[PDB]
$ cat input.cif   # mmCIF, C-alpha atoms
data_protein
loop_
_atom_site.label_atom_id
_atom_site.label_comp_id
_atom_site.auth_asym_id
_atom_site.auth_seq_id
_atom_site.Cartn_x
_atom_site.Cartn_y
_atom_site.Cartn_z
CA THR A 904 -73.03 179.12 -57.40
CA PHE A 905 -75.57 180.95 -55.22
CA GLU A 906 -79.07 179.57 -54.60
CA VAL A 907 -81.53 181.12 -52.13
CA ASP A 908 -85.22 181.21 -51.14
CA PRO A 909 -87.57 183.13 -53.53
CA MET A 910 -87.50 186.91 -52.99
CA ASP A 911 -90.55 189.20 -52.96
CA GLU A 912 -88.59 192.37 -53.82
CA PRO A 913 -85.40 193.27 -55.78
CA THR A 914 -83.24 192.73 -52.67
CA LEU A 915 -79.43 193.12 -52.62
CA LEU A 916 -77.17 190.14 -51.93
CA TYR A 917 -74.58 191.81 -49.70
CA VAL A 918 -71.47 189.68 -50.32
CA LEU A 919 -68.40 190.22 -48.11
CA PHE A 920 -65.20 188.39 -47.12
CA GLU A 921 -62.86 188.52 -44.10
CA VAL A 922 -60.44 190.67 -46.15
CA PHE A 923 -57.74 192.70 -44.33
CA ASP A 924 -57.26 196.49 -44.42
CA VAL A 925 -54.60 197.75 -41.98
CA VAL A 926 -53.19 201.29 -41.61
CA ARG A 927 -50.04 202.38 -39.77
CA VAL A 928 -50.01 206.04 -38.68
CA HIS A 929 -46.37 206.91 -39.41
CA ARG A 930 -44.80 209.93 -37.71
CA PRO A 931 -41.09 210.87 -38.00
CA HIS A 932 -41.85 214.49 -37.03
CA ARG A 933 -43.78 216.57 -34.49
CA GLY A 934 -46.36 218.29 -36.71
CA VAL A 935 -46.92 215.96 -39.70
CA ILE A 936 -48.41 212.46 -40.09
CA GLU A 937 -47.78 209.86 -42.82
CA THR A 938 -50.87 207.78 -43.67
CA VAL A 939 -49.76 204.29 -44.76
CA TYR A 940 -53.06 203.26 -46.38
CA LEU A 941 -53.50 199.79 -47.91
CA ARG A 942 -56.37 197.40 -48.57
CA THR A 943 -54.17 194.29 -48.47
CA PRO A 944 -55.54 191.87 -51.13
CA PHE A 945 -57.15 194.54 -53.34
CA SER A 946 -54.09 196.43 -54.65
CA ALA A 947 -54.33 200.20 -54.07
CA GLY A 948 -51.84 200.75 -56.92
CA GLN B 58 -13.83 262.48 -50.00
CA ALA B 59 -13.56 262.47 -53.83
CA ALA B 60 -10.77 259.84 -53.60
CA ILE B 61 -11.51 257.94 -50.33
CA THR B 62 -13.86 255.19 -51.64
CA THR B 63 -14.93 256.83 -54.96
CA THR B 64 -12.81 254.53 -57.22
CA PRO B 65 -11.57 257.02 -59.92
CA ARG B 66 -13.27 256.64 -63.32
CA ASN B 67 -11.84 256.46 -66.88
CA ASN B 68 -14.07 259.34 -68.04
CA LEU B 69 -15.15 261.84 -65.32
CA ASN B 70 -18.83 261.11 -66.09
CA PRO B 71 -19.37 257.78 -67.98
CA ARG B 72 -22.40 256.26 -69.79
CA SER B 73 -22.74 252.51 -69.07
CA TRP B 74 -21.09 251.06 -65.95
CA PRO B 75 -19.30 247.67 -65.58
CA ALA B 76 -19.56 245.20 -62.65
CA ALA B 77 -16.16 245.58 -60.90
CA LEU B 78 -16.06 247.17 -57.39
CA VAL B 79 -19.64 248.55 -57.63
CA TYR B 80 -20.78 246.09 -54.89
CA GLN B 81 -22.36 243.21 -56.82
CA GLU B 82 -24.12 241.14 -54.15
CA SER B 83 -23.67 237.36 -54.17
CA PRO B 84 -26.02 235.65 -51.68
CA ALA B 85 -24.87 232.03 -51.27
CA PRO B 86 -26.91 229.15 -52.84
CA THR B 87 -29.38 228.03 -50.14
CA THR B 88 -28.91 224.26 -50.13
CA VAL B 89 -31.65 221.93 -48.86
CA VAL B 90 -31.74 218.19 -49.70
CA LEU B 91 -35.32 216.84 -50.11
CA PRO B 92 -38.66 217.26 -48.24
CA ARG B 93 -39.80 213.75 -49.29
CA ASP B 94 -37.85 210.86 -50.88
CA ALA B 95 -38.48 209.90 -54.52
CA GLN B 96 -36.80 206.47 -54.33
CA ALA B 97 -38.88 205.46 -51.28
CA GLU B 98 -42.21 206.38 -52.95
CA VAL B 99 -41.97 204.67 -56.39
CA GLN B 100 -41.55 201.13 -54.97
CA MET B 101 -44.67 201.16 -52.72
CA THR B 102 -47.28 203.01 -54.83
CA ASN B 103 -46.85 200.76 -57.90
CA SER B 104 -47.10 197.47 -55.95
CA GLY B 105 -49.60 198.32 -53.18
CA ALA B 106 -49.90 201.01 -50.49
CA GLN B 107 -51.10 204.61 -50.91
CA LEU B 108 -49.47 207.39 -48.84
CA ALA B 109 -49.76 211.03 -47.69
CA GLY B 110 -46.69 212.46 -45.94
CA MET C 7 -36.94 198.37 -74.17
CA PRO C 8 -36.13 195.31 -76.37
CA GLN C 9 -39.66 194.66 -77.77
CA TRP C 10 -39.45 197.88 -79.84
CA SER C 11 -36.17 196.86 -81.56
CA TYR C 12 -38.16 196.05 -84.70
CA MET C 13 -40.93 198.69 -84.29
CA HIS C 14 -38.21 201.44 -83.72
CA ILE C 15 -40.40 203.64 -81.55
CA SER C 16 -38.17 202.92 -78.56
CA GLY C 17 -34.83 202.10 -80.43
CA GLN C 18 -33.58 205.49 -81.61
CA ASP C 19 -35.20 208.90 -80.64
CA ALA C 20 -36.42 209.82 -84.22
CA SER C 21 -33.88 209.79 -87.14
CA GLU C 22 -30.95 207.60 -86.97
CA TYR C 23 -32.50 204.14 -87.29
CA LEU C 24 -32.19 203.67 -91.08
CA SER C 25 -29.10 204.36 -93.30
CA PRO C 26 -27.97 207.87 -92.15
CA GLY C 27 -26.26 208.48 -95.54
CA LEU C 28 -29.63 209.30 -97.15
CA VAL C 29 -30.19 212.39 -94.88
CA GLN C 30 -28.45 214.49 -97.56
CA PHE C 31 -31.37 214.44 -99.96
CA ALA C 32 -33.81 215.44 -97.27
CA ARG C 33 -32.15 218.65 -95.99
CA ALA C 34 -30.72 219.76 -99.42
CA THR C 35 -33.25 218.90 -102.30
CA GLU C 36 -36.13 217.75 -100.09
CA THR C 37 -39.05 219.43 -102.00
CA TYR C 38 -39.36 216.43 -104.46
CA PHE C 39 -39.40 213.78 -101.71
CA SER C 40 -40.68 215.61 -98.60
CA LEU C 41 -40.36 212.39 -96.65
CA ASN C 42 -40.29 212.42 -92.84
CA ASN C 43 -43.56 210.43 -92.57
CA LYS C 44 -42.56 207.12 -94.26
CA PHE C 45 -40.35 206.58 -91.22
CA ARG C 46 -42.73 207.90 -88.55
CA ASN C 47 -41.00 209.48 -85.53
CA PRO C 48 -41.13 207.83 -82.04
CA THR C 49 -43.03 209.31 -79.08
CA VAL C 50 -41.07 210.46 -75.99
CA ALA C 51 -42.23 211.13 -72.40
CA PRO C 52 -40.31 211.54 -69.04
CA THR C 53 -41.20 209.51 -66.08
CA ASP D 604 -87.23 248.97 -63.33
CA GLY D 605 -87.83 246.40 -60.53
CA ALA D 606 -84.55 244.43 -60.61
CA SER D 607 -81.81 243.38 -58.16
CA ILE D 608 -78.97 240.83 -57.74
CA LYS D 609 -79.07 238.20 -54.96
CA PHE D 610 -76.25 236.12 -53.44
CA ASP D 611 -76.51 232.67 -51.84
CA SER D 612 -73.08 230.97 -52.07
CA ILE D 613 -69.58 231.84 -53.34
CA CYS D 614 -66.55 229.51 -53.55
CA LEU D 615 -62.88 229.94 -54.49
CA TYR D 616 -61.64 227.08 -56.71
CA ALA D 617 -58.21 226.16 -58.11
CA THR D 618 -56.90 223.60 -60.64
CA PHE D 619 -53.63 222.37 -59.09
CA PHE D 620 -50.75 220.71 -60.97
CA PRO D 621 -50.34 216.98 -60.15
CA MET D 622 -46.70 215.78 -60.02
CA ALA D 623 -44.15 213.83 -57.94
CA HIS D 624 -43.77 215.72 -54.65
CA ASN D 625 -39.95 216.06 -54.87
CA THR D 626 -39.68 218.73 -57.61
CA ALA D 627 -42.94 220.32 -56.34
CA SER D 628 -40.91 221.79 -53.45
CA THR D 629 -37.51 221.87 -55.23
CA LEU D 630 -38.53 224.17 -58.13
CA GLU D 631 -40.22 226.67 -55.76
CA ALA D 632 -37.11 226.59 -53.51
CA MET D 633 -35.26 228.00 -56.54
CA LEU D 634 -38.13 230.50 -56.95
CA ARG D 635 -37.62 231.56 -53.30
CA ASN D 636 -34.62 233.80 -54.13
CA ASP D 637 -33.92 237.56 -54.06
CA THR D 638 -32.91 237.62 -57.75
CA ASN D 639 -35.03 234.64 -58.86
CA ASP D 640 -38.58 235.97 -58.33
CA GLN D 641 -41.73 236.82 -60.35
CA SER D 642 -42.97 239.94 -62.19
CA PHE D 643 -45.87 240.69 -64.56
CA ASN D 644 -46.89 243.42 -67.03
CA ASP D 645 -50.09 244.23 -68.96
CA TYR D 646 -50.50 245.51 -72.55
CA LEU D 647 -52.42 248.49 -71.16
CA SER D 648 -49.94 249.15 -68.36
CA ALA D 649 -50.63 252.70 -69.61
CA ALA D 650 -51.97 255.41 -67.29
CA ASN D 651 -55.28 257.21 -67.91
CA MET D 652 -56.16 260.92 -67.56
CA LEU D 653 -59.44 262.73 -68.32
CA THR E 854 -96.06 239.62 -66.18
CA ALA E 855 -94.10 237.73 -63.50
CA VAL E 856 -94.38 233.92 -63.39
CA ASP E 857 -92.30 231.97 -60.84
CA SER E 858 -90.78 229.57 -63.42
CA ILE E 859 -87.24 228.09 -63.63
CA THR E 860 -84.41 227.53 -66.16
CA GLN E 861 -83.05 224.08 -67.10
CA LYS E 862 -79.38 223.95 -68.12
CA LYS E 863 -77.40 221.59 -70.41
CA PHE E 864 -74.76 221.51 -73.22
CA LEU E 865 -74.36 220.56 -76.91
CA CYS E 866 -71.39 218.44 -78.06
CA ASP E 867 -71.75 216.24 -81.17
CA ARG E 868 -68.70 215.89 -83.45
CA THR E 869 -65.57 215.25 -81.35
CA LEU E 870 -64.54 212.50 -78.90
CA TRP E 871 -63.31 212.60 -75.29
CA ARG E 872 -59.69 211.69 -74.48
CA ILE E 873 -58.60 210.25 -71.10
CA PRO E 874 -54.78 209.58 -71.17
CA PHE E 875 -53.43 206.68 -69.08
CA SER E 876 -50.63 208.78 -67.52
CA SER E 877 -50.65 210.60 -64.14
CA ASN E 878 -50.86 213.96 -65.93
CA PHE E 879 -53.61 214.28 -68.55
CA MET E 880 -51.28 216.04 -71.04
CA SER E 881 -50.34 214.52 -74.43
CA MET E 882 -47.86 211.74 -73.55
CA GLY E 883 -48.82 209.75 -76.67
CA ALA E 884 -48.16 206.01 -76.95
CA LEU E 885 -45.51 206.07 -74.19
CA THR E 886 -47.58 206.70 -71.05
CA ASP E 887 -46.43 207.23 -67.40
CA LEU E 888 -48.71 205.13 -65.15
CA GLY E 889 -48.61 202.09 -67.48
CA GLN E 890 -44.95 202.70 -68.39
CA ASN E 891 -43.91 201.04 -65.10
CA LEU E 892 -42.73 197.41 -65.44
CA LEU E 893 -44.81 196.30 -62.42
CA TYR E 894 -48.03 197.27 -64.25
CA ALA E 895 -46.75 195.92 -67.59
CA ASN E 896 -45.72 192.22 -67.53
CA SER E 897 -47.56 190.82 -64.48
CA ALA E 898 -50.70 192.90 -65.05
CA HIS E 899 -54.07 193.47 -63.35
CA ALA E 900 -57.48 193.17 -65.09
CA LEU E 901 -60.11 195.95 -65.55
CA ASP E 902 -63.56 195.98 -63.89
CA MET E 903 -65.81 198.97 -64.68
#
$ encode --input "input.cif" --output "structure tokens"
Amino acid sequence: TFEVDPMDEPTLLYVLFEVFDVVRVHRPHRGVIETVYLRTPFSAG
Amino acid sequence: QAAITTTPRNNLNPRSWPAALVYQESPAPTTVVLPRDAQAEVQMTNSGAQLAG
Amino acid sequence: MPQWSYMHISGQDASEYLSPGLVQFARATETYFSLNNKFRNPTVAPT
Amino acid sequence: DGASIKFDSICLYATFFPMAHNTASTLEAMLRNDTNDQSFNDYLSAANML
Amino acid sequence: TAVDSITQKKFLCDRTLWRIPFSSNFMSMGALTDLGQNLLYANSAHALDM
């Protein structure tokens, strides 16, 4: 439930969290980079 | 010179030649394993993380 | 996949699920009973 | 008759095949052979003379 | 007469439907898909927000 003060204009309620998104830059080779990309709670697959 | 490497023929001038002793080149099957692993990719991409390797 | 054991879309590629002794009439005098649609063939796709 | 063509921007596009990246390099590694190559012909491969 | 007017561009489709197959490749997989064929997507499934 979200209750606020009256708004004059159609203003956005910018709702966030403290959600984690961590990336490891993997590299087994000199020349190419593996991008281990994952938003942790919001499944990328 | 007509008998040194010639390999004497059945008819002195034939029509359609076979494959024996007419130097049929066999370059050996160039064997490389895998650039990326299939078994390592299926497990991650279905459960969570996205990759580019 | 065991859930398609009844449905037979996963159980046998496309023909041998019923009694395979009635395949005679289809390939030999089929024109009267042109019947390959009553038993509808399963879909197949690699993965 | 007061007409001309103008150019502003040109781009080269391509519609690539999406697949698992294992056979994407394996199948072309078979295509990288002296005997296993590519060749193409047209219906009018015919020569012209006037 | 030369007037500095412009052309507006569109299309006309009206009888058929669009098709967007669930699989990784958009080709005709049918009922048995590829992306939703996986057991991880199947039993313990996600939702769908759009």
$ residues_around --input "input.cif" --residues "residue 107 in chain B" --least-positions-apart "4" --cutoff "8 Å" --atoms "only C-alpha atoms" --output "ChimeraX atom specification"
/A:938-941,947-948 /B:101-102
$ resolve_selection --input "input.cif" --expression "the PyMOL selection byres ((chain B and resi 109) around 7)" --output "PyMOL selection string"
(chain A and resi 937-938) or (chain B and resi 108+110)
$ resolve_selection --input "input.cif" --expression "the PyMOL selection byres ((chain B and resi 81-91) around 9)" --output "PyMOL selection string"
(chain B and resi 76-80+92-95) or (chain D and resi 625-626+628-629+632-633+636-637)
$ resolve_selection --input "input.cif" --expression "the PyMOL selection byres ((chain C and resi 50) around 10)" --output "VMD selection string"
(chain C and resid 15 to 16 19 to 20 47 to 49 51 to 53) or (chain E and resid 882 to 886)
$ atom_distance --input "input.cif" --atom1 "CA of residue 887 in chain E" --atom2 "CA of residue 874 in chain E"
9.5 Å
$ interface_residues --input "input.cif" --of "chain A" --to "chain B" --cutoff "12 Å" --atoms "all atoms listed in the file" --output "ChimeraX atom specification"
/A:924-932,934-948
$ write_last_selection --input "input.cif" --atoms "C-alpha atoms" --output "compact mmCIF listing (two decimals), in the frame of the given file"
# COMPACT_ATOMS: atom_id res chain seq x y z
CA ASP A 924 -57.26 196.49 -44.42
CA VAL A 925 -54.60 197.75 -41.98
CA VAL A 926 -53.19 201.29 -41.61
CA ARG A 927 -50.04 202.38 -39.77
CA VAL A 928 -50.01 206.04 -38.68
CA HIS A 929 -46.37 206.91 -39.41
CA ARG A 930 -44.80 209.93 -37.71
CA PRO A 931 -41.09 210.87 -38.00
CA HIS A 932 -41.85 214.49 -37.03
CA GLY A 934 -46.36 218.29 -36.71
CA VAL A 935 -46.92 215.96 -39.70
CA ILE A 936 -48.41 212.46 -40.09
CA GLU A 937 -47.78 209.86 -42.82
CA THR A 938 -50.87 207.78 -43.67
CA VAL A 939 -49.76 204.29 -44.76
CA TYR A 940 -53.06 203.26 -46.38
CA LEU A 941 -53.50 199.79 -47.91
CA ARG A 942 -56.37 197.40 -48.57
CA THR A 943 -54.17 194.29 -48.47
CA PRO A 944 -55.54 191.87 -51.13
CA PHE A 945 -57.15 194.54 -53.34
CA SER A 946 -54.09 196.43 -54.65
CA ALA A 947 -54.33 200.20 -54.07
CA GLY A 948 -51.84 200.75 -56.92
$ interface_residues --input "input.cif" --of "chain E" --to "chain B" --cutoff "10 Å" --atoms "only C-alpha atoms" --output "NGL selection string"
:E and (888-889 or 891-894)
$ atom_distance --input "input.cif" --atom1 "CA of residue 21 in chain C" --atom2 "CA of residue 33 in chain C"
12.6 Å
$ atom_distance --input "input.cif" --atom1 "CA of residue 644 in chain D" --atom2 "CA of residue 622 in chain D"
28.5 Å
$ axis_aligned_box --input "input.cif" --around "range 929-944 of chain A" --padding-each-side "3 Å" --output "lines of an AutoDock Vina configuration file"
center_x = -48.7
center_y = 205.1
center_z = -42.8
size_x = 21.3
size_y = 32.4
size_z = 22.6
$ closest_residue --input "input.cif" --among "E:890, E:869, E:877, E:896" --to "chain D" --atoms "all atoms listed in the file"
E:877
$ closest_atom_pairs --input "input.cif" --of "chain E" --to "range 604-620 of chain D" --cutoff "12 Å" --atoms "all atoms listed in the file" --output "CSV"
residue,atom,partner,partner_atom,distance
E:855,CA,D:605,CA,11.1
E:877,CA,D:620,CA,10.6
E:878,CA,D:620,CA,8.4
E:879,CA,D:620,CA,10.3
E:880,CA,D:620,CA,11.1
$ residues_around --input "input.cif" --residues "residue 7 in chain C" --least-positions-apart "3" --cutoff "8 Å" --atoms "all atoms listed in the file" --output "ChimeraX atom specification"
/C:10-11,16-17
$ write_last_selection --input "input.cif" --atoms "C-alpha atoms" --output "compact mmCIF listing (two decimals), keeping the file's coordinate frame"
# COMPACT_ATOMS: atom_id res chain seq x y z
CA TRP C 10 -39.45 197.88 -79.84
CA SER C 11 -36.17 196.86 -81.56
CA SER C 16 -38.17 202.92 -78.56
CA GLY C 17 -34.83 202.10 -80.43
$ build_atoms --input "input.cif" --residues "range 32-43 of chain C" --atoms "N, CA, C and O atoms" --output "short mmCIF file (atom, residue, chain, number, x, y, z; two decimals), in the coordinates of the input"
data_model
loop_
_atom_site.label_atom_id
_atom_site.label_comp_id
_atom_site.auth_asym_id
_atom_site.auth_seq_id
_atom_site.Cartn_x
_atom_site.Cartn_y
_atom_site.Cartn_z
N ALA C 32 -32.67 214.82 -97.92
CA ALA C 32 -33.81 215.44 -97.27
C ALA C 32 -33.54 216.93 -96.94
O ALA C 32 -34.39 217.78 -97.21
N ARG C 33 -32.39 217.26 -96.36
CA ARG C 33 -32.15 218.65 -95.99
C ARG C 33 -31.77 219.57 -97.18
O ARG C 33 -32.10 220.76 -97.16
N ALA C 34 -31.16 219.00 -98.23
CA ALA C 34 -30.72 219.76 -99.42
C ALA C 34 -31.76 219.85 -100.57
O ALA C 34 -32.17 220.97 -100.89
N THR C 35 -32.18 218.77 -101.23
CA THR C 35 -33.25 218.90 -102.30
C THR C 35 -34.54 218.23 -101.85
O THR C 35 -35.15 217.50 -102.61
N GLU C 36 -34.97 218.45 -100.61
CA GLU C 36 -36.13 217.75 -100.09
C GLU C 36 -37.45 217.93 -100.83
O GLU C 36 -38.24 216.98 -100.93
N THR C 37 -37.75 219.13 -101.33
CA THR C 37 -39.05 219.43 -102.00
C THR C 37 -39.69 218.34 -102.93
O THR C 37 -40.90 218.23 -102.99
N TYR C 38 -38.87 217.54 -103.63
CA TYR C 38 -39.36 216.43 -104.46
C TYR C 38 -39.86 215.26 -103.61
O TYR C 38 -40.95 214.73 -103.86
N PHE C 39 -39.05 214.85 -102.63
CA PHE C 39 -39.40 213.78 -101.71
C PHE C 39 -39.43 214.29 -100.26
O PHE C 39 -38.53 213.98 -99.46
N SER C 40 -40.45 215.09 -99.95
CA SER C 40 -40.68 215.61 -98.60
C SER C 40 -41.14 214.47 -97.69
O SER C 40 -42.33 214.29 -97.42
N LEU C 41 -40.15 213.70 -97.24
CA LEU C 41 -40.36 212.39 -96.65
C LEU C 41 -39.78 212.27 -95.24
O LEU C 41 -38.61 211.91 -95.06
N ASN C 42 -40.60 212.61 -94.26
CA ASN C 42 -40.29 212.42 -92.84
C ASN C 42 -41.44 211.64 -92.17
O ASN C 42 -41.48 211.50 -90.95
N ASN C 43 -42.35 211.14 -93.01
CA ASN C 43 -43.56 210.43 -92.57
C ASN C 43 -43.55 208.93 -92.88
O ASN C 43 -44.26 208.16 -92.23
#
